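Protein chains in written order, with the entry's author numbering: chain R, 2 to 56; chain P, 16 to 251; chain N, 2 to 60; chain K, 1 to 534; chain Q, 45 to 146; chain M, 28 to 74; chain V, 22 to 66; chain U, 7 to 83; chain O, 1 to 269. Heads up, the beta-carbon is just placed ideally off N, CA and C, and yes, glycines get one too. Contents: one structure, followed by commentary.
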Amino acid sequence: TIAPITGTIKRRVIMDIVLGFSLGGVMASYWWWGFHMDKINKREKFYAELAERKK
Amino acid sequence: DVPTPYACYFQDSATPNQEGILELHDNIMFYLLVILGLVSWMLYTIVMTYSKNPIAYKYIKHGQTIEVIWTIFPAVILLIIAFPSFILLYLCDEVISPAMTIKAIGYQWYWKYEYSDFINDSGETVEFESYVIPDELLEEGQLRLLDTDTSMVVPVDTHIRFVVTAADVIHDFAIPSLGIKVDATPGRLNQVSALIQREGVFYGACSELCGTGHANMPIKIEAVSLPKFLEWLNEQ
Amino acid sequence: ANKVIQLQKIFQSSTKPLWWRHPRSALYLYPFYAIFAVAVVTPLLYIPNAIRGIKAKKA
Amino acid sequence: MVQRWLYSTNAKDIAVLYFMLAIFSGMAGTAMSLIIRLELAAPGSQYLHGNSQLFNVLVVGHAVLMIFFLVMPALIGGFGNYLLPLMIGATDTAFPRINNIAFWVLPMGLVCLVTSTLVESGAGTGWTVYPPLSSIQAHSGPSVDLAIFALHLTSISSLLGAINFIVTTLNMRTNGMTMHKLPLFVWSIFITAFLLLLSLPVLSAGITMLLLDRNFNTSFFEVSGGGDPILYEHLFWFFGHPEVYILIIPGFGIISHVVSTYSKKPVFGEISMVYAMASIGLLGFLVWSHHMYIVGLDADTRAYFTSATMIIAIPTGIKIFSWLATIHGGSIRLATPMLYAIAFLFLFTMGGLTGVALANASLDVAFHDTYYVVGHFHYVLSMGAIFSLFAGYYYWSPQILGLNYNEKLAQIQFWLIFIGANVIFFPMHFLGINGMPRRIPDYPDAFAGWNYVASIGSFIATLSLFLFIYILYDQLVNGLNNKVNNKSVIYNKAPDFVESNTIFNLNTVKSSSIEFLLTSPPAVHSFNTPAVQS
Amino acid sequence: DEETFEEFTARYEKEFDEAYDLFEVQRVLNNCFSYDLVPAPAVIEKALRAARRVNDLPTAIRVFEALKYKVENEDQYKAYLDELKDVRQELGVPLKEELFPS
Amino acid sequence: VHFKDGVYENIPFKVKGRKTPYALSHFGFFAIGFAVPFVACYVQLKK
Amino acid sequence: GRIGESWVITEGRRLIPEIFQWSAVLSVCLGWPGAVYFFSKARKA
Amino acid sequence: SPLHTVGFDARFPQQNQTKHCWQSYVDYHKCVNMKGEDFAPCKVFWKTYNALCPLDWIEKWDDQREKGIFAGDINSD
Amino acid sequence: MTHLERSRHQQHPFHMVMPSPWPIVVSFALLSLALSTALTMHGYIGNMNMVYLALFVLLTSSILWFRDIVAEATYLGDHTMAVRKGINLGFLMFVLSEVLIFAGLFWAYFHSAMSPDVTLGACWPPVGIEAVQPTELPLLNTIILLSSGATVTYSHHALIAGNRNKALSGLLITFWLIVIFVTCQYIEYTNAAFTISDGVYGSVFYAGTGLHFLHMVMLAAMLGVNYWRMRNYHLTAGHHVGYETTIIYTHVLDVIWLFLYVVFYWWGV
Ligand code: HEA
Ligand code: HEA
Ligand SMILES: [Cu+2]
């Protein structure tokens, strides 16, 4: 007999979309972590090979 | 360089322009990935939740909050994915002293590159063709369907311009590794300043149909140092 | 004029095709297409019959 | 049959001819594209011993048949002239002679292309006809001329269809319907007709100019005299960009209709729907030169064009969110049209966002005229043309003809074709992103495995299509036996979960389109009294 | 979205008042469940009164099942318990204890 | 035009007749569909 | 009177199986190309 | 080039330099074909056409001057 | 009786058309024209008379359909306000597509305003490219065309108002002016400005002028058909489905000619 109803109009879609956005962002960050490690490793290798032969 | 087999990402970078293109690509693809994840999960949860729903909420039409939310979010998302493209275009298109200039004409199913910036013996203009070696007459140890008898050379740690044109049909100067891709108009020239910071051999084929025999379009770019470039020029 | 109303009345009385205006023109034009276009499209594939068969096989 | 069919003047009796030509052309084109993929499986002349001109000609035939002769004749005309007059309620559309002359001008294009491939000349310059490669300088013979007349006749038929659509929907629309209560598919076809009208003449003029240059010993775009093909590329892309929207928008309409009729809930802002569609249609013209960033235009021009592209992308996202709102919070019966719609909402959206990502001004340095763009458009074409047409067929066939289809067969066909299309088109993004070029029968020795998986997927897809045509046969031969038994679903909208089944006898099918409320297809000149809405 | 319960409530009872047969009962109940407004015990009692007027016990069973499962509402039970027991023992429509163990 | 009941009259087929039990028609449709790629391949090269 | 939920308990017990299933579906849909890569002689195995 | 020719470029703020070679070549051809004694007035943009401009344009213009039909719009001197 | 037939033929402005062979025959004519042209310009047989007869019969079929589209409007009638509005809107969209054709012709060379390109042109005005310019050469005819259109637009307004001897005078004036225009068009048959060998700048202008020389022929054909009909007096001052078409055509062609004369003549010179 809880009088306050009609509160389920919008919070469902809001929680759904916010959870989806959070899941997408966290999966993107997890994927990009290793790719960024690879990118920085390759950049370090490029700098090392570019500077090591000159000196 | 060589297209790595079974690859699922971009080729090895050779120039700061190409690596900047790669940076813009991954920055864009990050937000594209989050958007696609959002929409895919929304689809999945909708179909896996409301498939069993007995009675449908058929009197919901307005949704002002979500309306304003996804009306204002795409604007800033597009602005933040477009700003890096603008800044990368500004940085890369900067014509910062292209130190080398060579001809690159797309002929009928072959290329005849003419080097006029430099000379060979005394003032003469160096020019030669680039013919793809036939598959049947292949020499052992080469790359099939692409390798040429003679190719082009280029100094490293310098700036280069590829003057692109055509003779009868439009060609394409497609070198993804070197980050240059400009059409070959029949009569109209185009200037692109390619600066290379990494040594190596960069491959390439024309990304434009040339009629019938376009299956073999040899564009091989070989990077050499200044003394090696001088030796090649003296030999040529 | 003096023939519109009679013509409409006769056409309504005789609900027939060809619209009564150009029967001779229709009878003249009907065989011409068959005589001309068919006989001009037949060579298009009849002549290259000996030309056809270019295998161009290489090995 | 000649007395009523070959001499037909009825829109309903000619929509089925539209469908028959569409399905035959699709089966032939799928067979030839099957071949095209089959010589692409391994490097070398596995099946095409030399003669790359044949490979190019087959590619051109595939592209042209799917674009102009397969689906544009199918969803624009065939669905339009069978629904729009039927949904309006008018007995007959104005001047069915227009529809008949539009239809009958198709097949000679097919025969002229087949003989153009037959002759040694061939049209092997791509489905784009960029000069001078299609002129007497490179390609002699009649192949170019036959292709030009084929596109001319297809454009004429499209113009006639658009004329009929506009006149029927605007001049004698039924009294009940007004501007503020008009359904969605007809709005889609109306905007499509507007874009077609504003797009056809420029193509006609430019291609007539090319024909005259090839004949009158002159050159307006060829350098032989001082011309420049950049103008022709401008004009051709100015035609081309509207064309994809022309072929895609009625898919939007039918998908919105099916999700509305299957979710048991109304649309989400039909005013917003038509706003999005009209905005897309009007905004399609701002990117006339966005497809050729490689040319070397000014930085300001590229910035304006990419801004136009990113503006264009937004209404599509609005429409996608609207579909999500329509599906959210509603009961769903997982029937096959829902399967097609969900596959659309997934793969079309992913492909479109990839294309938006590529829509950067300087990003064509990596994807343009590579396998990435083919992975781009194969996605959206397959979702909005193949899957849209499938959804429409499985959504209207039980009533427009009275014949049902085997639901299990439909489900397995959908699964087969979906997995085949995915496994075919997905690797080509990996192909392109490396930087491999396009339009070459033989390729370097790097991505053999991706081509192989594409080929096995192509075989899967053609097996799916064979199953589909077998389903067509079974429906056409076993409809009365399928209706009586439990082999198929006979009520797409199940009763609400409060309502008794005995009372459901008088509530059979009630939705937002009249053609579902009709009986078995009556005489062609039905609707003695026009429908009126209170 | 700031919509009063009382107006539509009173509409539901007044439509139940002139329920000639089960068609208007069915349509009104479906419309009531269509909103997110979880039905009040009073409107459910009025609906059961209308169902007893039209003499179709299956309507009562269906509405009881709908009340048991209409919305999650954070899985509230005792509200459902009272809203079912008051209308079961108000007059007597014994239906729940038979479909469940079958 | 109003002399058609509207059952099978919408398709240029005919159940009546031993000439084609809906097999020769479908065989011919398969044949005409497979004709254009096969003949296109055959005229200049092998299948 | 706030009977039972406490949104968190039911919300987690419903989402976590669903999220795990969805992640597994994506893992398979991206591991089948990886499955092809492994099974194919990428490293002469 | 020994990694040092100009450094920072500020001639044209906008990115695209499609209409750049004509202005940088007209002055060069005018100063070369007027006095020929001292190139000091046009001694500051040697590289703007040798390497900073497509040499195909330069050779086409030279051949055109040989044949008397110049691509650009200049006088007969 | 009256009510039932009124309802059964009111919202049905479409006749129960016979098995009209028009679609198949016109399609056959177009296909024969296409294949014959392809075989003749570059093929195996270079005969010209047969393809000329093919073009002739295609034009005869087109004229037959075009005269029917107005004969059935009066001889058969059976038209309402809605179908008249639809036919007028169809003519408007047809002339709009023609205007789009003209705009494409203009844009074929009108986008070179401030010379954005580098080579192969990009010079407005094209200094050095000075052949016999087709500009300002037919302006002596353009001005008289403007005067004729101005003096016949209101004459055709009085036509649609009364359809009387004044309308006959206006039609005769139109016949005279179109005869003068076709005469002065054919007088510049071969040597109008020049031929296309090198430097294609006025050649595109010549082609654009040439390809539009058929719309005036179509206008003259419709005027002659209406003249014959009103000589037969089938068409009174009632369902003038052709008079409205000709007045809208003459009210749009003067506008498009004015737009053509705005630029391309005094712009760049
Ligand atoms: C409808 C549009 C459509 C469809 C269905 C297809 C189907 C296929 N396409 Fe194609 N394609 C294009 C539109 C389409 N394509 C276009 C526009 C180009 C541009 C050419 C260019 O870039 O130059 C192109 C180019 C193109 C290329 C470029 C080749 C080259 O670089 O030269 C390749 C390469 O393999 C290819 C492959 C395939 C394959 C393997 C299929 C297979 O999927 C075939 C199986 C078909 C599908 C799975 C869809 C089902 C189709 C049906 C007809 C089902 C029939 C039933 C109904 C219609 C009711 N396509
Ligand atoms: C069915 C046909 C079809 C469809 C629907 C599309 C849809 C789109 N296309 Fe594509 N395209 C083609 C057919 C199609 N295209 C063809 C045939 C080519 C040429 C290939 C050839 O020449 O061989 C091509 C090429 C092409 C190019 C040039 C690449 C080339 O070289 O080929 C570009 C880039 O500008 C592009 C962009 C887009 C965009 C932005 C959409 C969009 O309309 C996509 C619509 C979907 C959405 C955008 C989803 C909504 C997005 C959101 C959910 C919002 C998220 C982002 C924001 C914040 C706004 N297309
Ligand atoms: Cu586009």
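In the assembly as shown, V267/K is a buried residue. Its beta-carbon has 16 or more other beta-carbons within 10 Å. In the structure shown, the three-state DSSP call for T74/O is helix.
In the DSSP assignment, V141/P falls within the unbroken beta strand (DSSP E) covering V141 to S145. Interface criterion met: the Cβ of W43/V is under 8 Å from a Cβ in chain P. Excluding sequence positions up to five before and after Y130/K, its CB lies within less than 8 Å of the CB of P229, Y232, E233 and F236, all in the same chain and listed in chain order. Within 7 Å of the C-beta of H290/K there is at least one heavy atom belonging to ligand 2. Within the same chain, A182, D183, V184, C225 and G226 come within 8 Å of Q123/P by CB-CB distance, once the 5 residues on both sides are set aside.
By DSSP's assignment, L152/P forms no beta bridge with any residue. Within the stretch 386 to 417 of chain K, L401 and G402 place their CB atoms closer than 7 Å to a CB of chain M, listed in sequence order. One thing to note: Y405/K has its Cβ within 8 Å of the Cβ of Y394/K. The C-beta distance from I424/K to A461/K rounds to 6 Å, short enough to meet the 8 Å contact threshold. Under a criterion of Cβ atoms nearer than 9 Å, the residues of chain K adjacent to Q70/Q are, in order, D496, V498, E499, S500 and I503. From the beta-carbon of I81/P, the residues of chain R found nearer than 8 Å are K11, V14, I15 and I18. Contact with chain K is found for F25/P, since one of that chain's Cβ atoms lies less than 8 Å from the residue's Cβ.
Under the 8 Å criterion on CB atoms, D298/K is classed as interfacial with respect to chain U. A distance criterion of 7 Å places the beta-carbon of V365/K beyond contact range of ligand 2, judged by its closest non-hydrogen atom.
Taken from the Cβ of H241/K, at least one heavy atom of ligand 3 lies inside 7 Å. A220/O: member of the alpha helix (DSSP H) spanning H215 to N232, first to last residue. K43/M does not reach chain K, its nearest Cβ partner there being about 13 Å away, counting only Cβ pairs nearer than 9 Å.
A contact is defined here as three or more CB-CB pairs under 8 Å, and the stretch 201 to 221 of chain P meets this definition with respect to the stretch 55 to 73 of chain U. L210/P sits in a strand when the DSSP states are folded into three classes. The alpha-carbon separation between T47/M and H229/P amounts to approximately 49 Å.
A distance of 8 Å or more separates the beta carbons of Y75/O and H215/O. Ligand 2 never approaches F45/U closely enough for any of its heavy atoms to be under 7 Å from the residue's Cβ.
In the three-state reduction of the DSSP assignment, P170/P falls in the strand class.
Taking a beta-carbon distance threshold of 8 Å, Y34/N counts as an interface residue toward chain O.
When the beta-carbon positions are compared, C221/P and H174/P stay at least 8 Å from each other. Taking 8 Å as the cut-off between beta carbons, the residues of the stretch 37 to 56 of chain N near chain K are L45, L46, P49, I52, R53 and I55, in sequence order.
In this structure, the beta-carbon distance from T30/K to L465/K falls below 8 Å. Take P142/K, set aside five residues on each side of it, and the residues of its chain with a beta-carbon closer than 7 Å to its own are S116, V119 and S121, in chain order. Secondary structure of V111/K (DSSP, three-state): helix.
Distances taken from the Cβ of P102/Q to the heavy atoms of ligand 2 include none shorter than 7 Å. When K40/R, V19/R and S23/R are compared, the shortest CA-CA separation from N42/P is found for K40/R.
Under the criterion of beta carbons closer than 8 Å, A448/K and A42/K qualify as touching, at roughly 6 Å. Those residues of the stretch 430 to 461 of chain K placed with their C-beta closer than 8 Å to a C-beta in chain V are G449 and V453, ordered along the chain. DSSP places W52/U outside any alpha helix (DSSP H), giving it a letter other than H or E.
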